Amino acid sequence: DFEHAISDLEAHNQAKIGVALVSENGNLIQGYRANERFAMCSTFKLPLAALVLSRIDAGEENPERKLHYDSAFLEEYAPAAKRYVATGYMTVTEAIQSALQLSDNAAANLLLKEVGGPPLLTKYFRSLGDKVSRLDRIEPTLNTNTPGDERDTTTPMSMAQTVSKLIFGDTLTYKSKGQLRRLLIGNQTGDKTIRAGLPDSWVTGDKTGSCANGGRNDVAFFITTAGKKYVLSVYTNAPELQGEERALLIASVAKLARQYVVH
């Protein structure tokens, strides 16, 4: 049974694991600590991108608008922004790509600025019927992952449901939805996490994150060979494991959850 299997992973690895597998319409299929709070860390970038795209859908933003910045805007982890800084800008489109596929923190901060900041991301979550997820800080302080702290948190179920809405629901235009899906499929940081626990024949897109205090997270959508559509969130705090082992833990959790998909 699922509860036993995750419980053992937790004991053997000295780790805290939260999981939610939801259907295309957002119903919970299987979960473990599904309603408990975990820090989003980079996983917030997925709904951040969707907010930007929905502003584009509304004619409130242009995908080729230039977002200007200088060296003082850079962060420790900003590999695309470090590349473009001499030109003085990244387009909205380049920023969306970079934030999602490379987890670039300067790109993410540019997009937070464009959308009106953490409160307006929080308002977006509420507009989607997510009454739990919230953003309070920007990069890189949003990743502190202090025990008990509610700032910059979600729950496995709330994020899974939110992502199911963005990817499979009709909040976004067909155009924007397709762009978001394809960017996530092409994520460069998720090859050893949830996707590693799923059959290679399934279509998979995802957004990963790492936090202080050993946080390591992934949320993925997938489409099986039978065309059935799911979202899986996996949020972990495993301070006693090494880096690659945190990834293997997530992939092991995905391989367990996968058994609750029909086919």
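Here, rigid core means the biggest group of C-alpha atoms that superpose within 1.5 Å across both forms. Numbering starts at 1 and follows the sequence shown.
Stretch with greater C-alpha deviation in 4 other deposited structures of this protein, 146-154 versus 98-106 (rigid core superposition): It is 146-154 whose C-alphas lie farther from the shown form in 4 other deposited structures of this protein.
Mean C-alpha B-factor comparison - 223-231 and 58-66, higher one: The entry gives the higher C-alpha B-factor average to 58-66.
Comparing 214-222 with 233-241, the one whose average Cα B-factor in the PDB entry is higher: Of 214-222 and 233-241, the stretch with the higher C-alpha B-factor average is 233-241.
Options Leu172, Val163, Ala106, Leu183 - largest CA temperature factor per the record: Within the set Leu172, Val163, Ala106, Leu183, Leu172 shows the top C-alpha B-factor.
Highest recorded Cα temperature factor - choice among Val22, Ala247, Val19, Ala11: Of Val22, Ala247, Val19, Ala11, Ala11 has the highest C-alpha B-factor.
Ranked against its chain, the third holding the CA B-factor of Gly197: Tercile = middle for this residue's CA B-factor.
Position of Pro79 among the chain's modelled residues by C-alpha B-factor, lowest, middle or highest third: It belongs to the lowest third of the chain when residues are ordered by C-alpha B-factor.
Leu111 - which third its CA temperature factor falls in, relative to the rest of the chain: Its C-alpha B-factor belongs to the middle third of this chain's values.
Cα B factor band for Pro156 (lowest, middle or highest third within the chain): Answer is lowest: the recorded C-alpha B-factor places it there.
Chain-relative CA temperature factor third for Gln179: It belongs to the highest third of the chain when residues are ordered by C-alpha B-factor.
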